[PDB]
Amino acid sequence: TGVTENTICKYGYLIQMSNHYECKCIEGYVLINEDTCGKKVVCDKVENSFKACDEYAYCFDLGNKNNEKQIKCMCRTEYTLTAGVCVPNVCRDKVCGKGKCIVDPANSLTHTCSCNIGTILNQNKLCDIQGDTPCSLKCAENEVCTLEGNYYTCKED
């Protein structure tokens, strides 16, 4: 199973889309897993290899028959680039319309689309249908569900 209403996001907070929950990271952090974030690290040392450097990305160093550092921010294993951002392999060059491609929690072998609020998912797994999903987050004390762009999130009053 992926992110649910009771999922705890390490160094991140819960957001709600039309048909799924997701974890979004605190300032200065990026996603390692669906529910885990780590500090965004600058890839400028071999000592920093495999540290978080972007969403689903970690620092990677190449020894191209060299002694110099050849380091870049690379998609973690089981992830690949799509539209300039690392995505799950099941999301390789997949489109969602008004939504975000994710791993399908009901079947890890396929992808699905987490649709922006105001759009629901069509039977072809495209976010191109107009529907309004109510907010189902459990917000903390002195907090209220707030629509921030494409996703609901709990915000302070």
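Residue positions are given as counts along the sequence shown, with the first one as 1.
Trainee: Which is higher on mean Cα B factor in this entry, 62-70 or 91-99?
Mentor: Averaging CA B-factors over each stretch, the winner is 62-70.
Trainee: I need to verify one thing: averaged over C-alpha atoms only, is the B-factor higher for 139-147 or for 18-26?
Mentor: If you average the C-alpha B-factors of 139-147 and of 18-26, the larger mean comes out for 139-147.
Trainee: Report the third (lowest, middle or highest) to which the CA temperature factor of residue 116 belongs, ranking only the modelled residues of the same chain.
Mentor: Middle third of the chain for residue 116's C-alpha B-factor.
Trainee: Compare the C-alpha B factor of residue 1 with those of the other modelled residues in its chain, then answer lowest, middle or highest third.
Mentor: Its C-alpha B-factor belongs to the highest third of this chain's values.
Trainee: How does the C-alpha B factor of residue 39 compare with the rest of the chain: lowest, middle or highest third?
Mentor: For residue 39, whose C-alpha B-factor we compare with every modelled residue in the chain, the answer is the highest third.
Trainee: Within this chain, which third does the Cα B-factor at residue 86 fall in: lowest, middle or highest?
Mentor: As the PDB entry reports it, the C-alpha B-factor of residue 86 lands in the lowest third of its chain.
Trainee: Can you work out whether the C-alpha temperature factor of residue 53 puts it in the lowest, middle or highest third of the chain?
Mentor: It belongs to the lowest third of the chain when residues are ordered by C-alpha B-factor.
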